[PDB]
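All remarks here apply to the structure that follows.
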Amino acid sequence: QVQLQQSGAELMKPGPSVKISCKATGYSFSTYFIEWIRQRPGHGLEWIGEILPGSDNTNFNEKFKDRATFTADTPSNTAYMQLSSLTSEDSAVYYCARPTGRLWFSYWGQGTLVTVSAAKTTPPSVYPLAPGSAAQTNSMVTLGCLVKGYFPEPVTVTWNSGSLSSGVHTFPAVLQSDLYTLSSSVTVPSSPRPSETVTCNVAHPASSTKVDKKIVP
Amino acid sequence: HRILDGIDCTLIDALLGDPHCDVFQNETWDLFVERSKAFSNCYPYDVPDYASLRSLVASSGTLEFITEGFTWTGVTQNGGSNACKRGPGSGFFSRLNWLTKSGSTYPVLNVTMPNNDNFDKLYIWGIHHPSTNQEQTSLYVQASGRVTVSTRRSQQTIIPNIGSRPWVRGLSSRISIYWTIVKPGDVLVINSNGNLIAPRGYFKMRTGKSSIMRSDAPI
Amino acid sequence: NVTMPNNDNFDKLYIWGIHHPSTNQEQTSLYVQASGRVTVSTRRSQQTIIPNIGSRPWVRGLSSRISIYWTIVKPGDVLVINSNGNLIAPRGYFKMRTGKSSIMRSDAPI
Amino acid sequence: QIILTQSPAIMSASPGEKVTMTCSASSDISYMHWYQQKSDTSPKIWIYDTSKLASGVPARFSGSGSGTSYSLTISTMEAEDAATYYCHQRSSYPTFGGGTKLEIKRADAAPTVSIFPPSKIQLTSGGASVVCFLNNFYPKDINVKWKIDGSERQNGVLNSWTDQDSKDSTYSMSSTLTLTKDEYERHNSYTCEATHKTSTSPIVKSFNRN
Ligand SMILES: *[C@@H]1O[C@H](CO)[C@@H](O[C@@H]2O[C@H](CO)[C@@H](O[C@@H]3O[C@H](CO)[C@@H](O)[C@H](O)[C@@H]3O)[C@H](O)[C@H]2NC(C)=O)[C@H](O)[C@H]1NC(C)=O
Ligand SMILES: *[C@@H]1O[C@H](CO)[C@@H](O[C@@H]2O[C@H](CO)[C@@H](O[C@@H]3O[C@H](CO)[C@@H](O)[C@H](O)[C@@H]3O)[C@H](O)[C@H]2NC(C)=O)[C@H](O)[C@H]1NC(C)=O
Ligand SMILES: *[C@@H]1O[C@H](CO)[C@@H](O)[C@H](O)[C@H]1NC(C)=O
């Protein structure tokens, strides 16, 4: 029942501050410290700090002192972290976690992607990747979708609303002139396709975009 | 004082061996502290007179288990359920043995275990109440099970009750937990022709300055 | 096998019961099966009562009885009654309050 | 502050292969905690208090240490163990290791290639991205000759790859050629050629028009 639900991903310009939230449920909020750790691409895990809700004994890692601000609301059972004066160096995934005194009981949040940039958010353009004809290798047909030009991360693709959850390959997106492009493949038996359905469900929350491209010939 | 914090577990679940609680196997304490939002995530169950089992265990001050070699001739020992996932697959209370039929036969089980020690033993057992009549026969064959547990002077017979219940962790059937203390020189005898959730050993009992406290205070 | 959820913000008190027929005929004449059963439960407790056939001191002309039971259902919980005979079903719930009330056995004139 | 230099940085092992990774503190600690991390998921506590396993962690895992050096050993690698393992000192302002990528090794497999053309849709906007999917191959060492063989002068090609899967253990990749609609429409056929260990002869899928 323990669950730390974290706020959605962010995008704050260089210099301001982002405020991440983490709602705890499944355990008495005021009993354990809620700690904050981040994941900068190719850097490992960096301990930011922690707070004991209801006492607010907060302990910062020197590096984030008076930069980082820990607060926690009891009625809502939500702890918060505010990092101000951002640099691209603070772009990362921030997890909150209740490890207690006995790590057999540790629980980390899903993560909050904080993107630090001047760039404006752009919706994605999802294109259908269907085969032309020459499909000699027709054991199972591999189709795909191309989500081009969106900012920032993330976007999420899916095939047949969670049904086609097997031979799917969603590749890490690439950042072109401050705009992202990604693609995902789907493999289905050559039988259930030529004149069937198969649709890719792309979603870019950053801009309230939801596109479902049906892959047609 | 030895303060042992229950965290997400309640003494009872640490006792029965709910997987998320297995971390308390063999713990001792002067004061076991129970948190307000602790939860159970294993086979749905109930403890007729839960307050007493909790109290006596809370006072025994120890979860020291001792596995004994019960012999359950002709029934399939160790039955898990997905409601008590032990890791990625099905599991069950680490301290109980879910006995079910082998092949197409659930024979009358009548075993015994003597207390040759110098101390009292605490046996935790239980009975399974199937949701529907099919399940009953599918599991224990006979249409009406019975669990009779006794020492030389007391006795307890529990008949299971078939019926639907609020879905919990996907199941609408239950387990009812019971206990039997066996004094030195005495002997335990379990007899059942169906629906037994067999014990695996005994917890040792102590009399000391222990107890339990419901608190959300940070240690 | 019916159910009724407590979607309210308060505890509910369900009063129910089981009927014990005087003789085996009455049992089958009334509920058909030869052995009834009343299983009432919420998400964490449960109660199963099997009726007991037999004569009893005649009272108001009857030698059979009803045994009364209750089940409190906390908000967010749900009640489920399952029975294949002998149930004296509830009709609703009484609301529960915590106050300064009580009862007194007295023959004093108010 | 109590810097953990957990360092077999990458590891390639075969099923049944014993594995052992070390982590060292830049001072002295009492217990080491190990978090496992597979892709796109939060770390999971794997081994706490130096040697105790968290719930569910298979028995083939164990941990030890007592001073500066600590370790995480695996009796016999399984495909499911390919993850990233971090060490975690808690003896002050907690710190974590840099991790150890635990990659399994499996029998080589050729890349399942498929190429696609700039959909009319994308084309209507004046852009043409020709994508090529090289899926489920092994080892991760692959070669994609985009720029149509002969004319093959790589330039407008972005590349990407998945990390090792844990059941299939293979690797996959997606290459994309992006041109300026009409320039795309001013050229022959488009060919995506791929060269991998499995063969000397590069796999080629192609479309010939526009
Ligand atoms: C007796 O009546 C009770 C209550 O009507 C029945 O219990 C219900 O069993 C169904 C099984 O379909 C449960 O459905 C499950 O619901 C959960 C939550 O909505 C969801 O995770 C599953 O997708 C599934 O639909 C239902 O919740 C449950 N309701 C209650 C109060 O327990 C029971 O099946 C009945 N038996 C018969 C023979 O009528
Ligand atoms: C089992 O034994 C009991 C007791 O012997 C039987 O109860 C008796 O049932 C008779 C029915 O004839 C009752 O008779 C009624 O008596 C009242 C008061 O005298 C009167 O209003 C009626 O005119 C009628 O005669 C009798 O009182 C009652 N006695 C008791 C203690 O309950 C019961 O019938 C027996 N069943 C069998 C199968 O023997
Ligand atoms: C608990 O203690 C007993 C008695 O000393 C021992 O035999 C038993 O196996 C221990 N259980 C664990 C989990 O170590």
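Listed in order, the protein sequences are those of chains H, A, A' and L. A prime marks a further copy of an entry chain. Read left to right, the first sequence gives residues 1 to 52, 52A, 53 to 82, 82A to 82C, 83 to 100, 100A, 101 to 212 (the authors' numbering). Read left to right, the second sequence gives residues 56 to 274 (the authors' numbering). Read left to right, the third sequence gives residues 165 to 274 (the authors' numbering). Read left to right, the fourth sequence gives residues 1 to 30, 32 to 95, 97 to 105, 106A to 106B, 107 to 211 (the authors' numbering). Cβ coordinates follow ideal geometry from the N, Cα and C atoms, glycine included.
Assign residue i to one of two classes, buried (16 or more other C-beta atoms within 10 Å of its C-beta) or exposed (fewer than that).
| i | result |
| --- | --- |
| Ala198/A' | exposed |
| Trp47/L | buried |
| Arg188/H | buried |
| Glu105/L | buried |
| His56/A | exposed |
| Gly129/A | exposed |
| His43/H | exposed |
| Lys259/A' | exposed |
| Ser266/A' | exposed |
| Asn133/H | exposed |
| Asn152/A | buried |
| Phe98/L | buried |
| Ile48/H | buried |
| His188/L | exposed |
| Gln38/L | buried |
| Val183/H | buried |
To which residues of the same chain is residue i closer than 6 angstroms at the C-beta, ignoring the five residues directly before and after it?
| i | result |
| --- | --- |
| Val181/H | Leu138, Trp154, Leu159 and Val163 |
| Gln81/H | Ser17, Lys19 and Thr68 |
| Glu194/L | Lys146, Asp150, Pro203 and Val205 |
| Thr65/A | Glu89 and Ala93 |
| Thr235/A' | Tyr178 and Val204 |
| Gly72/A | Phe148, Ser149 and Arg150 |
| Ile245/A | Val166 and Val204 |
| residue 217/H | Any answer about residue 217/H is impossible in this case: the structure gives chain H only from 1 up to 212. |
| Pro185/A | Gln191, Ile217 and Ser228 |
| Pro162/A | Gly129 |
| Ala129/H | none |
| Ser95/A | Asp68 and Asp73 |
I'd like the list of long-range same chain contacts for residue i, defined as Cβ closer than 7 angstroms, with 5 residues on each side in sequence excluded.
| i | result |
| --- | --- |
| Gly66/L | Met33, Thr51 and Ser72 |
| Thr113/L | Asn136 and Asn137 |
| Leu159/L | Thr177 |
| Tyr185/L | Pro119, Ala129 and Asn211 |
| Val78/A | none |
| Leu180/L | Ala129 and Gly157 |
| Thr42/L | none |
| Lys205/H | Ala198 |
| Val102/A | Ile67, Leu108 and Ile232 |
Hey, residue i and residue j: beta-carbon distance below 7 angstroms or not?
| i | j | result |
| --- | --- | --- |
| residue 216/H | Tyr90/H | An answer regarding residue 216/H cannot be provided, because it is not within the stretch 1 to 212 covered by chain H. |
| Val237/A' | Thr212/A' | no |
| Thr70/H | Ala201/H | no |
| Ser173/L | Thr163/L | yes |
| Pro14/H | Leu82C/H | yes |
| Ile51/H | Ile37/H | no |
| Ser30/L | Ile3/L | no |
| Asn250/A' | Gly218/A' | no |
| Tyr233/A | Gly181/A | yes |
| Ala198/H | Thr151/H | yes |
| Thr96/H | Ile62/A | yes |
| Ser91/A | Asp241/A | no |
| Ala83/L | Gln165/L | yes |
| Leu174/H | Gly144/H | yes |
| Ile214/A | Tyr100/A | no |
| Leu45/H | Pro147/H | no |
| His89/L | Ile143/L | no |
Ignore the nearest five residues each way along the sequence and tell me which others in residue i's own chain have a CB closer than 8 angstroms to its CB.
| i | result |
| --- | --- |
| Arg94/H | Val2, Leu4, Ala24, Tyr27, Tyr32, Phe33, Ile34, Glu35, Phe100A, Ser101 and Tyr102 |
| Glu82/A | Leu59, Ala69, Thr117 and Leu118 |
| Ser107/A | none |
For ligand 2, residues whose Cβ lies under 5 angstroms from any non-hydrogen atom: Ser219/A', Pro221/A' and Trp222/A'
Cβ contact check for the segment 106–122 of chain A and the segment 156–167 of chain A: 3 or more pairs under 8 angstroms: Judged by Cβ distances under 8 angstroms, the segment 106–122 of chain A makes no contact with the segment 156–167 of chain A, as fewer than three pairs qualify.
Residues proximal to ligand 3 by C-beta, any heavy atom closer than 6 angstroms: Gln80/A, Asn81/A, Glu119/A, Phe120/A and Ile121/A
Given 8 angstroms, three or more beta-carbon pairs between the segment 137–148 of chain L and the segment 168–178 of chain L: Verdict: yes, contact present.
The segment 130–150 of chain A in contact with the segment 209–225 of chain A per 3-pair CB rule at 8 angstroms: yes
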